[PDB]
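In: quick check, what structure comes out for this input:
(4 chains)
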Amino acid sequence: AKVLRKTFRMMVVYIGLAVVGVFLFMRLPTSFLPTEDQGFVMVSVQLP
Amino acid sequence: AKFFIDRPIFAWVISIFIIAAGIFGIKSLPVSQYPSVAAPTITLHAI
Amino acid sequence: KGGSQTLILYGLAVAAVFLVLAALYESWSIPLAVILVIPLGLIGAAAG
Amino acid sequence: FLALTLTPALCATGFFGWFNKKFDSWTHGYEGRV
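Out: Residues are numbered from 1 along each chain as shown, chains lettered A, B, ... in the order given. Shown next is the structure:
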């Protein structure tokens, strides 16, 4: 009821939430799958 | 039917779905007219 | 690299939702009243 | 499909009169000939 009395201001804080959302989203790093713990680890050996 | 008359917007949704599927079809289909009209034929040559 | 194919994902997404909404509810105001709510979950996921 | 689905939107959505009269004459003559 309170947020409806102040429809305009609540639409403003909405737009603020939306803008923050898109910005917070695009600031995230990007990857395919997260490199996770498999059963093993692979070591390679190169000799001169 | 008459119910499609009274609510134009449901028909608009079915339509839009159809014209979108068609345009996407246009985008994906091979361009030229000549298909594989003739039967498959296989030759083999030597020298 | 397959991450810049996203605007077609959400393009098809909000189009499918807007249409089905305009199909069931039989108007165009209500779908706009719903697709307005999609960034509210975005800010939550991004902030998470 | 449109005839069931979209063509319902038909229902949902001077010298020209010279032609109307002339056309009306043609269908009357068509009636007579038929």
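
In: elements contacting the strand or helix carrying residue A:17?
Out: Element membership for residue A:17 (DSSP states H and E) is helix A:7-26. Contacts defined by 3 or more CB pairs under 8 Å, 6 or more residues apart in numbering or on different chains; DSSP states H and E place helix A:7-26 against helix C:38-47. Placement of C-beta: from N, CA and C, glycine included.

In: one step back: tell me how far the helix holding residue A:17 lies from the chain's centre.
Out: 16 Å (CA atoms, centre = their mean, to the nearest Å).

In: what angle separates it from helix C:38-47?
Out: Helix A:7-26 and helix C:38-47 meet at an angle of 40 degrees, taking axes from the mean of the first three to the mean of the last three CA atoms, to 10 degrees as the criterion.

In: who touches helix A:7-26?
Out: Applying CB atoms under 8 Å, 6 or more residues apart in numbering or on different chains, the contact partners of helix A:7-26 are A:3, A:4, C:39, C:40, C:42, C:43, C:45, C:46, C:47.

In: if I look at the fifth one, how far off is chain B?
Out: Plainly put, residue C:42 is 25 Å away from chain B if you go by CB to the nearest CB, to the nearest Å.

In: what is the burial count for that residue?
Out: Residues lying near residue C:42 (other CB atoms under 10 Å in any protein chain shown) number 16.

In: so what's the residue count around the residue nearest to it when sequence neighbours are not counted?
Out: If the residues on either side of it in the chain are set aside, residue C:42 comes closest to residue A:21, at 4.4 Å by CB to CB, 6 or more residues apart in numbering or on different chains. Counted by other CB under 10 Å, the residues lying close to residue A:21 total 20.
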